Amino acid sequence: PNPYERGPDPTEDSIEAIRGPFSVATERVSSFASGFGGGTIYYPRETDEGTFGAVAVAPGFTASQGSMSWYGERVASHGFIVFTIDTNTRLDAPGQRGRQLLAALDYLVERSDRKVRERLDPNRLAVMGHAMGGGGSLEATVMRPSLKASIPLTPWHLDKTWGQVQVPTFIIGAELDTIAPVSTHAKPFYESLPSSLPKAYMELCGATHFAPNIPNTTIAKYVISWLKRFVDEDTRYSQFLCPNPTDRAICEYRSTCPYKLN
């Protein structure tokens, strides 16, 4: 059996639920932490199923952790440590945001309070971010190729080539976004990732740039499924990812399914 499985066998209803099966606690991290602007760690309270993987979550240009706060309880309650960070400055660029995502992960591994550290599997780490923070998610996977997953949400980056990334990457685009338009950001990034990388692209019908900053069940269910599949190696979640989702909220989906269990 896979020792990283947590929680009951999933259903489409259970991955859409606002509160997953774990209760959640928080730990605040001061902005004086090294290499990033501090943040909030959301973690599952229950320990008897084992330790958990972690995802560091970055905001976009001129945004702060509050724009990403809803991921904390939503995702942690399905069995993840979720660290919503602030950046060094509000004006930081995608490369800087990638470096800071890594600094936040290293803080979890090396410096976090014992309540977090005792719940963490330091070998199973992921990144996620919105807009320039999604560019940061891409960057972080080049800077740290041992990451288990990357989730660029309506990502923004001037560099359109990501052909050496080896970290499973799930890009979410917003159909009507004019700040990080999918035609020039999300889709080029997706198509530039290796054809043989486990990857997906989900475009949300009607959505605008700030769609990832408020609760969105279509985002949540597939973010949870991606993190389960890749951070936890949990093939009970393959059923939601492959074949491609058909939810009405989705206007286009691309993938490299099947994601062979490796």
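In this text, residue numbers run from 1 along the sequence as written.
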Exercise. Determine, for stretches 113 to 121 and 98 to 106, which one has the higher mean CA B-factor as deposited.
Key: 113 to 121
Quiz prompt | Given 159 to 167 and 141 to 149, the range whose Cα B-factors average higher in the PDB entry | solution = 159 to 167
Quiz item: Among the chain's modelled residues, which third holds the C-alpha B-factor of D92?
Solution: lowest
Self-check item: Entry-reported Cα temperature factor of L197, expressed as the chain third it lands in
Solution: middle
Self-check item: Third of the chain's Cα B-factor distribution that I214 belongs to, per the entry
Solution: middle
Self-check item: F32, C-alpha B-factor rank within chain (lowest, middle or highest third)
Solution: highest
Practice problem: Could you look up the Cα B-factor of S77 in the entry and say which third of the chain it sits in: lowest, middle or highest? | Solution: middle
